[PDB]
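A.B. asks: Handing you this structure, nothing more for now.
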Amino acid sequence: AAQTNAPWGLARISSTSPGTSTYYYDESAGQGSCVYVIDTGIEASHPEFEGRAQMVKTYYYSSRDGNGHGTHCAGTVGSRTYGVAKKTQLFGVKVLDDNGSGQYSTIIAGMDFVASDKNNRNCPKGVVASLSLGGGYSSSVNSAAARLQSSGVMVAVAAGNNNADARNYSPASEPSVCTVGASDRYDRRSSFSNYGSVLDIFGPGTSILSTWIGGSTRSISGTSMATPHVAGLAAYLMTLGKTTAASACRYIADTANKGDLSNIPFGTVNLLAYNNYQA
């Protein structure tokens, strides 16, 4: 399949070179998989989701996304126009309030919710979790992510937007999960992107166009934008049967575009997510 005039991030993950605008992908499109978006919520009524998105859990007075961040990430995972896996199912878990903030205990409970709730869902191709959030180091937030990965859920987390070593940030510093950095359309490391040895992969993160609340769209930047690219790719590769939840991050690193990114600090891998699709 080919989507003309796709967002630059979608065209990048299916390209060996930057500067293209057509997203190529197998038409399975993540059908049969499920991706949890652990964020501020999802505006499920957005027509871009085509009824494939729904809120399954909230820790606040409403499950509605009154922020736009969680809707934007879910749009990058599997919206029809701005999504990597255009046929996956999206389950919203609102652990962040409408200001984008949330206590670590609530975030920890949300990860343990996904660990159990996936047994209540129909995901024969596998389950993915997309964590576009982060804060200071916390061994309990890290261990909640390891428990989530250990249960058979591909956990993709943001490296962080501190332009520092992600070792001092959770759940970014949890080694068992997939820590994702951000790059821009000229294959440069995003000026805000965290780095370090804990990073597993890079994804498009600067000026990413996706859904927004109010049935609208907008373009924002952040490692929180690169994480849904990897998560959607994992649900895409898992539906194709190319990998599993325990080995998706390793498989994505193995098939990534190598050495194409600039301003990658010494010790940080120079890998860019790549779906390896041949039309």
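Letters A, B, ... mark the chains of the structure tokens in the order given; residue numbers begin at 1 per chain; ligand numbers begin at 1, in order shown.
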So that each row is one residue of range 186-206 of chain A with an atom at most 10 Å from range 270-279 of chain A, can you give its shortest atom pair and the distance in Å to one decimal, using only C-alpha atoms, rows by chain and rising number, as a tab-separated table?
C.D. replies:
```
residue	atom	partner	partner_atom	distance
A:187	CA	A:272	CA	8.8
A:189	CA	A:270	CA	9.5
A:199	CA	A:271	CA	9.6
A:200	CA	A:271	CA	7.7
A:201	CA	A:271	CA	5.3
A:202	CA	A:272	CA	4.7
A:203	CA	A:273	CA	5.6
A:204	CA	A:272	CA	8.4
```
A.B. asks: Those same residues - N, CA and C atoms - I'd like them written as a PDB file, in the first residue's frame.
C.D. replies:
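Ended up saving to part22.pdb:
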```
ATOM      1  N   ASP A 187      17.295  13.945   9.314  1.00  0.00           N
ATOM      2  CA  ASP A 187      18.054  12.869   9.953  1.00  0.00           C
ATOM      3  C   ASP A 187      19.083  13.420  10.939  1.00  0.00           C
ATOM      4  N   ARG A 189      19.547  14.250  15.144  1.00  0.00           N
ATOM      5  CA  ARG A 189      18.964  14.092  16.470  1.00  0.00           C
ATOM      6  C   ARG A 189      18.232  15.368  16.862  1.00  0.00           C
ATOM      7  N   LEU A 199      19.287   4.090  25.436  1.00  0.00           N
ATOM      8  CA  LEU A 199      18.451   4.270  24.256  1.00  0.00           C
ATOM      9  C   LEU A 199      18.603   3.091  23.304  1.00  0.00           C
ATOM     10  N   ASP A 200      17.475   2.595  22.801  1.00  0.00           N
ATOM     11  CA  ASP A 200      17.465   1.460  21.888  1.00  0.00           C
ATOM     12  C   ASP A 200      17.283   1.853  20.430  1.00  0.00           C
ATOM     13  N   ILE A 201      16.592   2.959  20.154  1.00  0.00           N
ATOM     14  CA  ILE A 201      16.152   3.272  18.799  1.00  0.00           C
ATOM     15  C   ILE A 201      15.789   4.748  18.743  1.00  0.00           C
ATOM     16  N   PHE A 202      15.808   5.313  17.540  1.00  0.00           N
ATOM     17  CA  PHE A 202      15.310   6.656  17.280  1.00  0.00           C
ATOM     18  C   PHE A 202      14.089   6.607  16.371  1.00  0.00           C
ATOM     19  N   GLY A 203      13.208   7.590  16.537  1.00  0.00           N
ATOM     20  CA  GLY A 203      12.042   7.728  15.701  1.00  0.00           C
ATOM     21  C   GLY A 203      11.768   9.183  15.385  1.00  0.00           C
ATOM     22  N   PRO A 204      11.008   9.431  14.321  1.00  0.00           N
ATOM     23  CA  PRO A 204      10.633  10.809  13.981  1.00  0.00           C
ATOM     24  C   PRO A 204       9.968  11.500  15.161  1.00  0.00           C
TER      25      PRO A 204
END
```
A.B. asks: Give me the residues of range 150-232 of chain A that have any atom at most 8 Å from an atom of range 137-146 of chain A; for each, the nearest atom pair and the distance in Å, rounded to one decimal. Use only C-alpha atoms, sort by chain and number, and format it as a tab-separated table.
C.D. replies:
```
residue	atom	partner	partner_atom	distance
A:150	CA	A:146	CA	5.9
A:155	CA	A:145	CA	7.3
A:167	CA	A:137	CA	7.6
A:168	CA	A:137	CA	5.0
A:169	CA	A:137	CA	4.2
A:170	CA	A:137	CA	4.7
A:171	CA	A:142	CA	4.8
A:172	CA	A:142	CA	7.7
A:173	CA	A:142	CA	7.0
A:174	CA	A:142	CA	5.0
A:176	CA	A:146	CA	6.0
A:177	CA	A:146	CA	6.7
```
A.B. asks: Taking only C-alpha atoms into account, which of A:10, A:151, A:38, A:124 comes nearest residue 108 in chain A?
C.D. replies: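 Going through A:10, A:151, A:38, A:124 one by one, the smallest distance to residue 108 in chain A is for A:38.
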A.B. asks: Among the residues of range 58-138 of chain A, find those DSSP assigns to alpha helix (DSSP H) from the backbone and print them as number ranges by chain.
C.D. replies: A: 69-78, 104-117
A.B. asks: Let's have the selection written as a short mmCIF file (atom, residue, chain, number, x, y, z; two decimals), in the first residue's frame, with N, CA, C and O atoms.
C.D. replies:
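Generated file (result_34.cif):
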```cif
data_model
loop_
_atom_site.label_atom_id
_atom_site.label_comp_id
_atom_site.auth_asym_id
_atom_site.auth_seq_id
_atom_site.Cartn_x
_atom_site.Cartn_y
_atom_site.Cartn_z
N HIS A 69 -2.49 15.73 24.08
CA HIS A 69 -1.26 14.95 23.96
C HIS A 69 -1.56 13.48 23.67
O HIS A 69 -1.02 12.90 22.73
N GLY A 70 -2.43 12.87 24.48
CA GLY A 70 -2.73 11.46 24.29
C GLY A 70 -3.44 11.18 22.98
O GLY A 70 -3.21 10.14 22.35
N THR A 71 -4.31 12.09 22.55
CA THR A 71 -4.96 11.95 21.25
C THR A 71 -3.94 12.06 20.12
O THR A 71 -4.04 11.35 19.11
N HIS A 72 -2.94 12.93 20.29
CA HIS A 72 -1.92 13.09 19.26
C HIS A 72 -1.06 11.84 19.12
O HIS A 72 -0.76 11.40 18.00
N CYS A 73 -0.66 11.25 20.25
CA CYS A 73 0.16 10.04 20.20
C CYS A 73 -0.61 8.88 19.59
O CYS A 73 -0.09 8.14 18.74
N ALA A 74 -1.86 8.69 20.01
CA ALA A 74 -2.69 7.63 19.45
C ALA A 74 -2.91 7.83 17.96
O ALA A 74 -3.00 6.86 17.20
N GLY A 75 -3.01 9.09 17.52
CA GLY A 75 -3.11 9.35 16.10
C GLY A 75 -1.87 8.93 15.34
O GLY A 75 -1.96 8.50 14.19
N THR A 76 -0.70 9.04 15.97
CA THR A 76 0.53 8.58 15.34
C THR A 76 0.62 7.06 15.33
O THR A 76 1.23 6.48 14.42
N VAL A 77 0.01 6.40 16.31
CA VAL A 77 0.03 4.94 16.34
C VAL A 77 -0.83 4.37 15.22
O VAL A 77 -0.36 3.58 14.40
N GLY A 78 -2.10 4.77 15.17
CA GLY A 78 -3.03 4.12 14.25
C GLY A 78 -4.21 4.90 13.73
O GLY A 78 -5.29 4.32 13.54
N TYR A 104 3.35 9.35 40.16
CA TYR A 104 4.01 8.10 39.79
C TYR A 104 3.19 6.88 40.19
O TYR A 104 3.19 5.87 39.48
N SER A 105 2.48 6.95 41.32
CA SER A 105 1.67 5.83 41.76
C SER A 105 0.52 5.57 40.79
O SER A 105 0.17 4.41 40.53
N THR A 106 -0.09 6.63 40.26
CA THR A 106 -1.13 6.45 39.24
C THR A 106 -0.55 5.87 37.96
O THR A 106 -1.15 4.98 37.35
N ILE A 107 0.62 6.37 37.54
CA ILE A 107 1.28 5.83 36.36
C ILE A 107 1.67 4.37 36.58
O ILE A 107 1.56 3.54 35.67
N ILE A 108 2.11 4.04 37.80
CA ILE A 108 2.44 2.66 38.12
C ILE A 108 1.20 1.78 38.07
O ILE A 108 1.24 0.66 37.56
N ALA A 109 0.07 2.28 38.59
CA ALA A 109 -1.16 1.51 38.53
C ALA A 109 -1.65 1.33 37.10
O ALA A 109 -2.24 0.29 36.77
N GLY A 110 -1.42 2.32 36.24
CA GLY A 110 -1.84 2.20 34.85
C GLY A 110 -1.08 1.13 34.10
O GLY A 110 -1.65 0.42 33.27
N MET A 111 0.22 1.00 34.38
CA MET A 111 1.00 -0.06 33.75
C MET A 111 0.53 -1.44 34.22
O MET A 111 0.44 -2.38 33.42
N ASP A 112 0.23 -1.57 35.51
CA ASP A 112 -0.29 -2.84 36.01
C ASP A 112 -1.70 -3.10 35.51
O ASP A 112 -2.11 -4.26 35.41
N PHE A 113 -2.45 -2.04 35.19
CA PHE A 113 -3.76 -2.23 34.58
C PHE A 113 -3.63 -2.88 33.21
O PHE A 113 -4.33 -3.84 32.89
N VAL A 114 -2.72 -2.36 32.38
CA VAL A 114 -2.52 -2.91 31.04
C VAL A 114 -2.06 -4.37 31.13
O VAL A 114 -2.41 -5.20 30.29
N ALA A 115 -1.26 -4.69 32.16
CA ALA A 115 -0.76 -6.05 32.32
C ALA A 115 -1.90 -7.04 32.53
O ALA A 115 -1.82 -8.20 32.09
N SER A 116 -2.97 -6.61 33.19
CA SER A 116 -4.12 -7.48 33.39
C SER A 116 -5.20 -7.28 32.34
O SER A 116 -5.83 -8.25 31.91
N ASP A 117 -5.42 -6.04 31.90
CA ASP A 117 -6.55 -5.77 31.02
C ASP A 117 -6.39 -6.42 29.65
O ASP A 117 -7.39 -6.71 28.99
#
```
A.B. asks: Please run DSSP on the backbone and report, as a ChimeraX atom specification, all residues within range 101-263 of chain A that come out as strand (DSSP E or B).
C.D. replies: /A:126-131,135-136,153-158,165,169-170,178-183,188-189,195,201-204,208-212,216-220,257-258,262
A.B. asks: Can you work out which one of A:21, A:149, A:3, A:130 has the shortest atom-to-atom distance to residue 34 in chain A, counting only C-alpha atoms?
C.D. replies: A:130
